[PDB]
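Contents: one structure, followed by commentary.
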Amino acid sequence: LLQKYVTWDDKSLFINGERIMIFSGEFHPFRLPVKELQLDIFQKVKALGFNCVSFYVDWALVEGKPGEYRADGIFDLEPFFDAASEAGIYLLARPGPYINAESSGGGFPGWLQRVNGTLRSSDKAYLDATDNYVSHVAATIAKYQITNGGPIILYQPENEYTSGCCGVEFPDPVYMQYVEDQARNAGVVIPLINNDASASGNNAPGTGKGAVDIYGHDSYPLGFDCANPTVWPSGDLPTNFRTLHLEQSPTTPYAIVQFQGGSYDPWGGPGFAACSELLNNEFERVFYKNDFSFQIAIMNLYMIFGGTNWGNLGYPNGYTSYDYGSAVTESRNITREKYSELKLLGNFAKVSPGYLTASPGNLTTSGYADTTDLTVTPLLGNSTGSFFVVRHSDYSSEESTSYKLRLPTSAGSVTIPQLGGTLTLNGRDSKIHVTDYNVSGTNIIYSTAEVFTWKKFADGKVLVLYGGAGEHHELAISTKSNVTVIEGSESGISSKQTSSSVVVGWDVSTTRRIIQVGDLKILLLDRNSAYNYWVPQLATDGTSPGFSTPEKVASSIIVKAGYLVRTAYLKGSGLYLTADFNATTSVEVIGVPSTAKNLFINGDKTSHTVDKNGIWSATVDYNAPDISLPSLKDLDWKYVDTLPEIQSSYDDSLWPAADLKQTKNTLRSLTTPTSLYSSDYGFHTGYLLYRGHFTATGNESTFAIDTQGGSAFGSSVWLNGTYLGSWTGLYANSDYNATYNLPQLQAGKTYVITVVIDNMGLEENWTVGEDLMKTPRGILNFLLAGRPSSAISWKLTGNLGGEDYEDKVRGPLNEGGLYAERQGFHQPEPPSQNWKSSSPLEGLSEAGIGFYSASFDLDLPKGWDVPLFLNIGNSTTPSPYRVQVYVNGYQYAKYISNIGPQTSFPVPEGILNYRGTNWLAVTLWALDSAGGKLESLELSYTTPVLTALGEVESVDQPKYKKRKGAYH
Ligand SMILES: *[C@@H]1O[C@H](CO)[C@@H](O[C@@H]2O[C@H](CO)[C@@H](O[C@@H]3O[C@H](CO[C@H]4O[C@H](CO[C@H]5O[C@H](CO)[C@@H](O)[C@H](O)[C@@H]5O[C@H]5O[C@H](CO)[C@@H](O)[C@H](O)[C@@H]5O)[C@@H](O)[C@H](O[C@H]5O[C@H](CO)[C@@H](O)[C@H](O)[C@@H]5O)[C@@H]4O)[C@@H](O)[C@H](O[C@H]4O[C@H](CO)[C@@H](O)[C@H](O)[C@@H]4O[C@H]4O[C@H](CO)[C@@H](O)[C@H](O)[C@@H]4O[C@H]4O[C@H](CO)[C@@H](O)[C@H](O)[C@@H]4O)[C@@H]3O)[C@H](O)[C@H]2NC(C)=O)[C@H](O)[C@H]1NC(C)=O
Ligand SMILES: *[C@@H]1O[C@H](CO)[C@@H](O[C@@H]2O[C@H](CO)[C@@H](O[C@@H]3O[C@H](CO[C@H]4O[C@H](CO)[C@@H](O)[C@H](O[C@H]5O[C@H](CO)[C@@H](O)[C@H](O)[C@@H]5O)[C@@H]4O)[C@@H](O)[C@H](O[C@H]4O[C@H](CO)[C@@H](O)[C@H](O)[C@@H]4O[C@H]4O[C@H](CO)[C@@H](O)[C@H](O)[C@@H]4O[C@H]4O[C@H](CO)[C@@H](O)[C@H](O)[C@@H]4O)[C@@H]3O)[C@H](O)[C@H]2NC(C)=O)[C@H](O)[C@H]1NC(C)=O
Ligand SMILES: *[C@@H]1O[C@H](CO)[C@@H](O[C@@H]2O[C@H](CO)[C@@H](O[C@@H]3O[C@H](CO)[C@@H](O)[C@H](O[C@H]4O[C@H](CO)[C@@H](O)[C@H](O)[C@@H]4O[C@H]4O[C@H](CO)[C@@H](O)[C@H](O)[C@@H]4O[C@H]4O[C@H](CO)[C@@H](O)[C@H](O)[C@@H]4O)[C@@H]3O)[C@H](O)[C@H]2NC(C)=O)[C@H](O)[C@H]1NC(C)=O
Ligand SMILES: OC[C@H]1O[C@@H](OC[C@H]2O[C@@H](O[C@H]3[C@H](O)[C@@H](O)[C@@H](O)O[C@@H]3CO)[C@H](O)[C@@H](O)[C@H]2O)[C@H](O)[C@@H](O)[C@H]1O
Ligand SMILES: *[C@@H]1O[C@H](CO)[C@@H](O)[C@H](O)[C@H]1NC(C)=O
Ligand SMILES: *[C@@H]1O[C@H](CO)[C@@H](O)[C@H](O)[C@H]1NC(C)=O
Ligand SMILES: *[C@@H]1O[C@H](CO)[C@@H](O)[C@H](O)[C@H]1NC(C)=O
Ligand SMILES: *[C@@H]1O[C@H](CO)[C@@H](O)[C@H](O)[C@H]1NC(C)=O
Ligand SMILES: *[C@@H]1O[C@H](CO)[C@@H](O)[C@H](O)[C@H]1NC(C)=O
Ligand SMILES: *[C@@H]1O[C@H](CO)[C@@H](O)[C@H](O)[C@H]1NC(C)=O
Ligand SMILES: [Cl-]
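For the sequence shown, my numbering assigns the number 11 to the initial residue and increments by one for each residue that follows.
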């Protein structure tokens with residue numbers, strides 16, 4: 011429409027005039043703010059066979075102060091985009107402004123609680139608030155479009171603009187058109203795509219004003235019940251998605267912009283390990299192959315890598331981890347079987363252009379397979395090849411089912427297997443069988459075994475096929491040549507030659523076979539062996555793989571290795587692999603160019619041997635050095651009391667007065683004399699403190715108070731130094747009505763009620779019109795019994811300066827309102843030289859909040875990727891306490907003893923300095939009158955990986971400096 015690089019028709023996108031199946035993964039830059047680790051993820055996605063990444067930008071992190079857009083240092087998108095280019099990954103840009111994303115505010119900054127208008131509407135007040143963010147983010151995105159030689163190919167305005175309520179005329183075409191025009195005005199010319207929350211046709215092509223270019227929708231068919239990871243409920247596998255597609259947007263390629271790749275987990279939930287069990291390899295092979303049955307042309311997995319909700323960036327229902335049970339773990343590892351299984355499907359799609367041109371039919375329980383226990387969805391092509399998606403009709407069935415097929419081919423319709431026996435489908439599995447499959451001029455008449463990849467080399471063609479354990483398979487090839495077994499046993503392989511073909515039956519074995527048929531070699535593998543193969547692009551013009559274009563796709567080699575193969579390139583007589591190893595690994599290379607004499611692995615010349623089939627073999631030795639980690643309990647811990655407010659000497663004259671008579675919040679009108687909503691005063695994040703001054707009459711009995719912090723929040727209350735009590739919190743409570751009994755008060759004396767409240771993050775805004783992101787934080791109601799409420803005069807604080815936030819490097823959400831945070835003592839080199847020596851393992855003996863500081867050195871070896879974790883013990887039922895941990899000033903753990911479930915907090919290299927000094931700052935809030943303490947505090951590691959990654963540069967870690975605007 012507006013450019014010629016990215017076009018489309020009814021079947022697929024075209025990139026530079028060439029069809030492409032977009033297989034993508036969701037990855038949020040703000041959840042992993044270390045540039046070199048961003049490259050790591052990109053390279054791990056490219057190794058799946060993927061060609062694209064989808065990303066959100068969080069507005070709340072980059073416009074914390076209204077009118078000051080800051081996307082610099084750790085929030086800079088440019089290194090993220092350059093890393094995408096370098097890895098060979100296209101991008102789908104999704105800057106919002108609304109992103110949902112289990113993020114604070116759904117991406118909206120807290121100052122939107124002061125906007126006089128419906129959020130996500132055509133109300134001028136809301137739209138004007140978005141203009142500065144969008145003109146900055148979209149101009150940056152504009153500079154990195156594919157039209158300007160960048161990686162960005164698609165843009166998403168808004169997010170799941172799908173349900174409205176409460177007097178909003180949904181869907182508002184004036185709204186979606188304005189949001190679209192914003193992007194275009196900033197120079198975005200690539201196609202716009204939407205992500206309808208269900209397949210409802212909203213803003214599709216043909217709907218007039220506010221229509222996007224490509225209609226997309228999202229789908230989370232297996233749901234979020236991570237507690238029952240083996241239960242696949244009846245009818246939850248979608249079957250009508252093609253039917254809906256043809257009703258809703260038949261002129262554009264079929265697109266699912268967020269397809270389930272994991273699950274969220276709330277405070278108190280079963281944990282993300284459970285989520286990875288639900289959204290595991292079996293889920294992938296059934297549910298993703300099912301999306302291929304609808305001829306999906308654009309497919310993005312939410313999430314491929316989740317990362318971490320550091321510095322309070324997350325929404326109140328979620329905790330620090332955003333692992334998400336995704337194929338790449340929060341600590342960046344790719345050990346989960348779901349990664350390897352996904353690699354098999356992504357590589358198949360990468361080399362199968364006939365998939366895009368075929369004609370999809372409706373699913374059938376007869377015609378193709380000889381039992382109604384199986385479903386077969388055909389995608390039939392007129393000589394470009396066909397594809398048959400086989401699964402159990404009862405999609406959850408764990409039964410083993412025998413069958414035969416009738417499939418139409420160019421050489422007649424054939425009953426398979428021709429040479430005796432039956433095919434098998436074992437439980438929760440799905441197969442993509444193929445017919446007339448083009449391997450660079452060689453025609454595979456059919457194969458029941460699934461294609462992993464194929465390549466044309468100088469010295470012939472190679473095809474890689476796999477099946478699961480215990481299965482019999484059959485293939486047939488258009489040829490005059492004979493079949494011979496060139497590796498492995500002749501036994502178990504049957505064959506038959508006709509005038510224009512050869513048929514070959516084989517049983518799956520753990521031992522690889524290789525057959526040869528003319529100029530085609532075919533690898534016959536079990537699934538588990540196929541897990542260890544990789545298909546990196548072979549660069550000849552440099553070291554980078556480049557994008558997945560037809561040329562560079564064809565110029566790829568096949569590599570059997572272990573943990574990871576990142577890249578390959580040819581330079582003179584050297585073949586250079588870059589790869590990662592988590593054990594001693596046999597490396598085979600198939601397709602070595604004839605000019606290559608030597609093998610290099612991560613720069614090191616490695617001795618190799620060529621076998622009788624031309625395969626290079628070499629071993630890479632794995633010998634991890636000593637990984638020596640400090641004992642955290644034995645550090646020189648320094649303590650300062652971070653609730654000096656409850657001392658009677660405390661002077662709060664510099665605090666903001668909570669004296670606004672009228673709230674700017676349109677969702678909830680005031681039920682107190684003045685606004686005690688934190689966001690009215692610029693305070694959107696971390697712990698909030700309120701101080702209520704009053705003069706006692708001497709008749710005061712009780713103080714009741716309604717505090718609100720979001721799900722799982724806690725609050726504590728003191729009268730001068732007298733602890734009154736705490737709401738210890740529950741996931742079920744986002745507010746709580748407390749009643750406290752006061753001690754006997756002295757008439758005419760002044761007293762101060764100090765209230766500490768955990769702000770868990772701002773709410774999302776999923777339904778347009780409900781304005782739920784405006785749900786306030788702080789004090790909603792109070793009652794000093796027998797006194798008017800104007801008796802109490804309130805002050806409050808959140809993070810120092812509120813929207814004029816101090817720490818421009820670490821962002822507007824990172825720190826909260828505690829004394830130690832306000833002064834900046836959570837940063838490297840605090841002024842702790844005259845503080846008391848005490849450990850958080852000794853802790854507190856009364857209700858209160860302690861702040862603990864210590865440094866520790868690491869000297870971990872270069873060329874090793876070693877995942878590190880902070881561990882807080884919970885071996886027995888604890889007293890109620892809350893902990894934050896800052897690592898060189900960055901908050902990387904929020905811990906609630908009594909709710910959980912997280913005890914293990916990964917912290918990435920770049921935040922941690924692996925060859926240098928590191929600073930821990932721990933806040934310990936004891937919500938109990940006897941105090942509280944940590945049971946244990948430990949640094950640990952998991953399997954070191956011999957890595958190809960370059961030096962991870964430490965992010966900016968500004969040291970402590972006295973802050974002029976502090977309250978002391
Ligand atoms: C270095 O990096 C590597 C990555 O490159 C990394 O390797 C990967 O490690 C992960 C673990 O982190 C692996 O994932 C697990 O795999 C388990 C094993 O099963 C898989 O493999 C077998 C094949 O096993 C043989 O071969 C291998 C390889 O040669 C050997 O190592 C084995 O020892 C074994 O050898 C025997 O057999 C050979 C021939 O077959 C013989 O030659 C040999 O002599 C031996 O006799 C396959 O059979 C499995 O397939 C079957 O099962 C799967 C999954 O159920 C089905 O989908 C499939 O259709 C088949 O039926 C399978 O591929 C898995 O058991 C394990 O699965 C569990 O965990 C995940 C969650 O992570 C769940 O999704 C899943 O549901 C399973 O959950 C159970 O277990 C968890 C506890 O962990 C419970 O929470 C849960 O409730 C559940 O328990 C219940 O069910 C169990 C049955 O499943 C039951 O036993 C329990 O008692 C209970 O009832 C998981 O997927 C991954 O495969 C590796 N990847 C690769 C490429 O190798 C390596 O570890 C790294 N190294 C280090 C040090 O870090
Ligand atoms: C890939 O990336 C992943 C994400 O980054 C990463 O996964 C995370 O890994 C960390 C570290 O391993 C996990 O934290 C640990 O979890 C342990 C508890 O979970 C286990 O318990 C269940 C019941 O047995 C298992 O079923 C469960 O399996 C599930 O989870 C797996 C997740 O990978 C999955 O593969 C499985 O399929 C399945 O779904 C799980 O294995 C927990 O025990 C552990 O705490 C101990 O270790 C810490 C140090 O690392 C200590 O600080 C801590 O105090 C604990 O040590 C104590 O207890 C041990 C067991 O008794 C003893 O061996 C220790 O000596 C020590 O003992 C002292 O304390 C005892 C009190 O209990 C006392 O009795 C003793 O006397 C003594 O005083 C830790 O929290 C984290 O949960 C994972 N996160 C996610 C999201 O999964 C994965 O590792 C990465 N992989 C690679 C290869 O890199
Ligand atoms: C240290 O170790 C200790 C000791 O073992 C750990 O303490 C345990 O921690 C558990 C987790 O916090 C805690 O269990 C919880 O107890 C509460 C009741 O007090 C209960 O509400 C919890 O169950 C719900 O919530 C979780 C998520 O937090 C869900 O996964 C679960 O399915 C339940 O969800 C239901 O309620 C939610 C609340 O709104 C709903 O959002 C959700 O949709 C669902 O609703 C259904 O039920 C409602 C009625 O409940 C109904 O109205 C609605 O219509 C739906 O039907 C969970 O059981 C243990 O109590 C606690 N044990 C002890 C002895 O103290 C501690 O966590 C550890 N610490 C760390 C850091 O690991
Ligand atoms: O990361 C969470 C993810 O949630 C997305 O909400 C998605 C979607 O969920 C549907 O619910 C599933 C349900 O869990 C299944 O049990 C079964 O019923 O299928 C349903 C889908 O039809 C909701 O019903 C649907 O409204 C929608 O909420 C969120 O949209 C996404 O941004 C992301 O946050
Ligand atoms: C919002 O706008 C209306 C428009 O009539 C105005 O009268 C009022 O001052 C504003 N209200 C709030 C709560 O901000
Ligand atoms: C396939 O599509 C529809 C919807 O599933 C089905 O009713 C019909 O029988 C099939 N189409 C034709 C032309 O037979
Ligand atoms: C098979 O692939 C070759 C390119 O290697 C192409 O020229 C040819 O047209 C293809 N044949 C079919 C039938 O698609
Ligand atoms: C309570 O605290 C305030 C200052 O926080 C102090 O001025 C006042 O004297 C204290 N009241 C009593 C009774 O000690
Ligand atoms: C406060 O005064 C009331 C009567 O007005 C009396 O009932 C109560 O006991 C008094 N003292 C308290 C609450 O300490
Ligand atoms: C607390 O009381 C307020 C005011 O009556 C009410 O709106 C709210 O529902 C109550 N909250 C809880 C958690 O019971
Ligand atoms: Cl201060």
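The C-beta atom is built at its ideal place from N, Cα and C for all residues, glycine as well.
Worksheet item: Around the Cβ of residue 11, are there at least 16 other Cβ atoms within 10 angstroms (buried) or fewer (exposed)?
Response: Start at 1 with the first residue of the sequence shown, and residue 11 comes out as number 1. It is exposed - the Cβ of residue 11 has fewer than 16 other Cβ atoms within 10 Å.
Item to complete: With DSSP as the reference, label residue 146 as helix, strand or coil.
Response: On the sequence shown, position 136 is the one that residue 146 refers to. Looking at residue 146 - three-state DSSP - the assignment turns out to be helix.
Worksheet item: By Cβ distance, which residues of its chain are closer than 7 Å to residue 507, with the 5 residues on each side in sequence left out?
Response: Locating residue 507 in the sequence shown gives position 497, counting from the first residue. Closer than 7 Å at the Cβ level, and outside the excluded window around residue 507, lie 492.
Worksheet item: Does ligand 7 have a heavy atom nearer than 7 Å to the CB of residue 470?
Response: Here residue 470 refers to the residue found at position 460 of the sequence shown. Because no heavy atom of ligand 7 lies under 7 Å away, the Cβ of residue 470 does not count as near it: no.
Worksheet item: What residue does the beta strand (DSSP E) around residue 737 start on, and which one ends it?
Response: Taking the first residue of the sequence shown as 1, we reach residue 737 at position 727. Residues 732-737.
Worksheet item: Within 10 angstroms of its Cβ, does residue 47 collect 16 or more other Cβ (buried), or is it exposed?
Response: Numbered from 1 along the sequence shown, position 37 holds the residue referred to as residue 47. Result: buried.
Worksheet item: Is residue 114 buried or exposed, if buried means 16 or more other CB atoms sit within 10 Å of its CB?
Response: Within the sequence shown, the letter at position 104 stands for residue 114. Buried, since its Cβ has 16 or more Cβ neighbours within 10 Å.
Worksheet item: Is residue 977 near ligand 10, judged by its Cβ being under 7 Å from some heavy atom?
Response: In the sequence shown, counting from the first residue as 1, residue 977 sits at position 967. Because no heavy atom of ligand 10 lies under 7 Å away, the Cβ of residue 977 does not count as near it: no.
Discussion item. I need the boundaries of the beta strand (DSSP E) containing residue 679, first residue and last residue.
Written reply: What you label residue 679 is simply residue 669 of the sequence shown in a count that begins at 1. No residue range can be given for residue 679, since it is assigned to no beta strand (DSSP E) and is classified by DSSP as neither H nor E.
Fill in: Per-residue DSSP class, three states only, for residue 3
The structure shown does not extend to residue 3, since the chain is modelled only from 11 to 978, so the question has no answer here.
Practice prompt. State the Cα-Cα distance for the pair residue 82 and residue 339, rounded to the nearest angstrom.
Written response: Reading the sequence shown from its first residue, position 72 is the one you call residue 82. Reading the sequence shown from its first residue, position 329 is the one you call residue 339. Rounded to the nearest whole angstrom, the CA to CA distance from residue 82 to residue 339 is 26 Å.
Practice prompt. Enumerate in chain order the residues of its own chain whose CB-to-CB distance from residue 452 is below 8 Å, with the five nearest sequence positions on each side excluded.
Written response: Position 442 of the sequence shown, counted from the first residue, corresponds to residue 452. Answer for residue 452: 471, 487, 488, 489, 528, 529 and 530, listed in chain order.
Worksheet item: Where do the ends of the beta strand (DSSP E) carrying residue 309 lie?
Response: Your numbering for residue 309 matches position 299 in the sequence shown. Residue 309 -> beta strand (DSSP E) spans 308-315.
Item to complete: Mind checking which residues open and close the alpha helix (DSSP H) that includes residue 51?
Response: Locating residue 51 in the sequence shown gives position 41, counting from the first residue. That run of the alpha helix (DSSP H) goes 45-56.
Fill in: Through-space distance from residue 448 to residue 468, alpha-carbon basis
Residue 468 sits at position 458 when you count from the first residue of the sequence shown. Residue 448 sits at position 438 when you count from the first residue of the sequence shown. Roughly 18 Å between the two C-alpha positions.
Discussion item. Ligand 9 and residue 751: does any heavy atom of the ligand fall closer than 7 Å to the residue's C-beta?
Written reply: For the purposes of this step, residue 751 is taken as the residue at position 741 of the sequence shown. Outside the cutoff, so no.
Fill in: Neighbouring residues (CB closer than 6 Å to any heavy atom of ligand 6)
253 and 372
Worksheet entry | Between the CA atoms of residue 615 and residue 811 - distance to the nearest angstrom | Walking along the sequence shown from the start, residue 811 turns up at place 801. Walking along the sequence shown from the start, residue 615 turns up at place 605. Those two C-alpha atoms are separated by around 57 Å.
Discussion item. So the candidates are 346, 341, 145 and 459; which of them puts its Cα closest to the Cα of residue 50?
Written reply: Residue numbering aside, residue 50 sits at position 40 when the sequence shown is read from its first letter. Of the candidates 346, 341, 145 and 459, the one whose C-alpha sits nearest the C-alpha of residue 50 is 341.
Practice prompt. Report the residue ranges of all beta strand (DSSP E) runs contained in full by the stretch 641-684; include only those spanning at least 3 residues, in chain order.
Written response: Runs found: 648-651.
Item to complete: Check residue 84 in the structure and name its three-state DSSP category.
Response: Here residue 84 refers to the residue found at position 74 when the sequence shown is read from its first residue. If DSSP states are grouped into helix, strand and coil, residue 84 belongs with the helices.
Worksheet entry | DSSP state of residue 598 mapped onto helix, strand, coil | In the sequence shown, counting from the first residue as 1, residue 598 sits at position 588. Three-state DSSP puts residue 598 in a strand.
Worksheet item: Apart from the five residues on each side of it in sequence, which residues of its chain come closer than 7 Å, Cβ to Cβ, to residue 657?
Response: Along the sequence shown, read from residue 1 onward, the residue named residue 657 stands at position 647. If we look at residue 657 and ignore the five residues flanking it on each side, its Cβ neighbours are 731.
Worksheet item: How about the stretch 821-836 and the stretch 905-922: do they share at least three Cβ pairs that are nearer than 8 Å?
Response: Three or more beta-carbon pairs separated by less than 8 Å are not found between the stretch 821-836 and the stretch 905-922, which leaves the two stretches without contact.
Item to complete: Output the boundary residues of the alpha helix (DSSP H) element that contains residue 282.
Response: For this step, residue 282 is matched to residue 272 along the sequence shown. Run containing residue 282: 282-288, per the alpha helix (DSSP H) assignment.
Item to complete: From the DSSP output, in three-state form, read off residue 185 for me.
Response: Along the sequence shown, one-based indexing puts residue 185 at 175. In the structure shown, residue 185 sits in a helix (DSSP, three-state: H, G or I).
Worksheet item: Hey, residue 368 and residue 397: beta-carbon distance below 8 Å or not?
Response: Mapped onto the sequence shown, residue 368 falls at position 358. Mapped onto the sequence shown, residue 397 falls at position 387. Cβ distance < 8 Å, so residue 368 and residue 397 count as in contact.
Practice prompt. Would you kindly report the start and end of the unbroken alpha helix (DSSP H) that includes residue 891?
Written response: In the sequence shown, residue 891 corresponds to position 881, counting from 1. Here residue 891 belongs to no alpha helix (DSSP H); instead the beta strand (DSSP E) covers 891-897.
Worksheet item: Using a Cβ-Cβ cut-off of 7 Å (strictly less than) and excluding sequence neighbours within five positions of residue 755, which residues of its own chain qualify?
Response: Mapped onto the sequence shown, residue 755 falls at position 745. Here the set comprises 706, 708, 710 and 761.
Worksheet entry | Minimum C-alpha distance to residue 466 - residue among 416, 477 and 545 | For this step, residue 466 is matched to residue 456 along the sequence shown. Out of 416, 477 and 545, 545 has the C-alpha closest to the C-alpha of residue 466.
Worksheet entry | According to DSSP, residues forming a beta bridge with residue 370 | Taking the first residue of the sequence shown as position 1, residue 370 is located at position 360. According to DSSP, residue 370 bridges with 389.
Discussion item. Between the alpha carbons of residue 840 and residue 79, how many angstroms are there, rounded?
Written reply: By 1-based counting over the sequence shown, the position of residue 840 is 830. By 1-based counting over the sequence shown, the position of residue 79 is 69. If I take the Cα positions, the gap works out to 29 Å.
Fill in: Backbone CA spacing between residue 459 and residue 641 [nearest angstrom]
On the sequence shown, residue 459 is found 449 positions in, with the first residue counted as 1. On the sequence shown, residue 641 is found 631 positions in, with the first residue counted as 1. Between the C-alpha atoms of residue 459 and residue 641 there is a straight-line separation of about 52 Å.
Fill in: Validate contact between the stretch 110-126 and the stretch 320-336 using beta carbons, cut 8 Å, 3 pairs
yes
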